[PDB]
Amino acid sequence: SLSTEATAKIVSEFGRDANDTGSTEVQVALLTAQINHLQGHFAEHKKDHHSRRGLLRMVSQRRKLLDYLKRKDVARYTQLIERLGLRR
RNA sequence: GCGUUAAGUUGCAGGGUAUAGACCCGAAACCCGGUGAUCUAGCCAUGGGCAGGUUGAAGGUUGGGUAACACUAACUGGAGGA
Ligand SMILES: [K+]
Ligand SMILES: [K+]
Ligand SMILES: [K+]
Ligand SMILES: [K+]
Ligand SMILES: [K+]
Ligand SMILES: [Mg+2]
Ligand SMILES: [Mg+2]
Ligand SMILES: [Mg+2]
Ligand SMILES: [Mg+2]
Ligand SMILES: [Mg+2]
Ligand SMILES: [Mg+2]
Ligand SMILES: [Mg+2]
């Protein structure tokens, strides 16, 4: 759902440089962007169960990445959820 | 068979009959034209009344909760031919 420009913008804002697409912060920010963007799709299409399975995978993938970041560097974790607006 | 050989008629009094309320009193009812919604039934307009004490619906806020909902606890709130 995310376009190329929007994706590239996130990589630059959370990565080390322009092609640090793999860092945990970038991945979590990318997932957060798609999850938030898809809230408008599922408000209109409540019965799109097949797409929602893909969304719930993003949610669980983000939870696992966050639990890993919190276990490695708590400081990086705290900054990340604050910038993104996540409860935990 | 009915008649012919038996005086009627007009007053007055009386007996009966007829039409009339027709010896007197008495229905329940039927019809016609009026008077009544100051009681009461319903409605319409415009005003008033309901001591005191209870119960605690929806909603709201805050926290928990969720990807977001849902959900949940407290506080608040003051529903009802209660
Ligand atoms: K005579
Ligand atoms: K008589
Ligand atoms: K009362
Ligand atoms: K309540
Ligand atoms: K009450
Ligand atoms: Mg993907
Ligand atoms: Mg006479
Ligand atoms: Mg008659
Ligand atoms: Mg009759
Ligand atoms: Mg009258
Ligand atoms: Mg009256
Ligand atoms: Mg009552």
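Just so it is clear, the values below take in all heavy atoms, side chains as well, and ignore hydrogens, waters and symmetry mates. Lettering follows sequence order; numbering is per chain, from 1.
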(message) Can you tell me if B/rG21 puckers north or south, using the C1'-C2'-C3'-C4' torsion sign?
(response) south
(message) Is the shortest side-chain heavy-atom distance between A/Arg62 and A/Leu86 below 4.5 Å?
(response) yes
(request) Using the ring pair (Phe, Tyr, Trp, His ring centres under 6.0 Å) rule, collect all pairs that involve residues 23-43 of chain A, keeping only residues at least two apart or in two chains. (result) A/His41-A/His45
(request) Please measure how far the P atom in B/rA58 lies from the corresponding atom in B/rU54, and state the result in whole Å. (result) 22 Å
(request) Report yes or no: does A/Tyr77 contribute a side-chain atom to a donor-acceptor pair with the main-chain N or O of A/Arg88 at less than 3.5 Å? (result) yes
(request) Could you give the distance separating B/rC71 and B/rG65 at their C1' atoms, to the nearest angstrom? (result) 7 Å
(message) Please report the distance separating the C1' of B/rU10 from the corresponding atom of B/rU5, rounded so that it comes out in whole Å.
(response) 29 Å
(request) Anything below 3.5 Å on both distances counts as a pair; with that, list the stems of at least three consecutive Watson-Crick or G-U pairs involving RNA chain B. (result) B:59-64 with B:71-76
(request) Decide between north and south for B/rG15, the convention being positive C1'-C2'-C3'-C4' for north and negative for south. (result) north
(request) Quick one: which residue pairs count as a salt bridge (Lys or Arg N to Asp or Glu O under 4.0 Å) with a foot in residues 26-46 of chain A, not counting sequence neighbours? (result) none
(message) For the P atoms, the ones on B/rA51 and on B/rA79, what distance do you get once it is rounded to whole angstrom?
(response) 16 Å
(request) Sorted by first residue and then second, give each side chain to side chain donor-acceptor pair (under 3.5 Å) pair with at least one member in residues 20-31 of chain A; sequence neighbours left out. (result) A/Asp20-A/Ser23, A/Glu25-A/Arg76
(request) Write down the distance separating the P atoms in B/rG34 and B/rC50, rounded off to the nearest Å. (result) 50 Å
(request) Using the P atom on both, measure B/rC23 against B/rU17 and round to a whole Å. (result) 9 Å
(request) Sugar of B/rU4: specify north or south by the sign of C1'-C2'-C3'-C4'. (result) north
(request) Sticking with atom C1', work out how far B/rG78 lies from B/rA57, rounded to a whole angstrom. (result) 9 Å
(message) Once you look at the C1'-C2'-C3'-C4' sign, would you call B/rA70 north or south?
(response) north
(request) Return the set of residues passing side-chain hydrogen bond (donor to acceptor under 3.5 Å, both in side chains) with A/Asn36 (not counting sequence neighbours), or none when no residue passes. (result) none
(request) Could you tell me if B/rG21 and B/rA22 satisfy the stacking criterion of six-membered ring centres under 5.5 Å apart and ring planes within an angle under 30°? (result) yes
(message) Across nucleotides 64-70 of chain B, 5' to 3', mark each nucleotide with B, S or - according to how protein heavy atoms within less than 4.0 Å reach it.
(response) --BBS--
(request) Just jot down the side-chain hydrogen bond (donor to acceptor under 3.5 Å, both in side chains) partners of A/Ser51, sequence neighbours excluded, or say none. (result) A/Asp48
Please output the side-chain donor-acceptor pairs of residues 6-14 of chain A that fall under 3.5 Å, not counting sequence neighbours, one pair per line with the distance.
from, atom 1, to, atom 2, distance (Å)
A/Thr7, OG1, A/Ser3, O, 3.3
A/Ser12, OG, A/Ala8, O, 3.3
A/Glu13, OE2, A/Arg83, NH2, 2.5

(request) Please look at the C1'-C2'-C3'-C4' dihedral of B/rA37 and say whether its sugar is north or south. (result) south
(message) Using atom P in both nucleotides, what's the gap between B/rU55 and B/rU76 to the nearest angstrom?
(response) 14 Å
(message) List the residues meeting side-chain hydrogen bond (donor to acceptor under 3.5 Å, both in side chains) with A/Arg57, not counting sequence neighbours, and say none if there are none.
(response) none
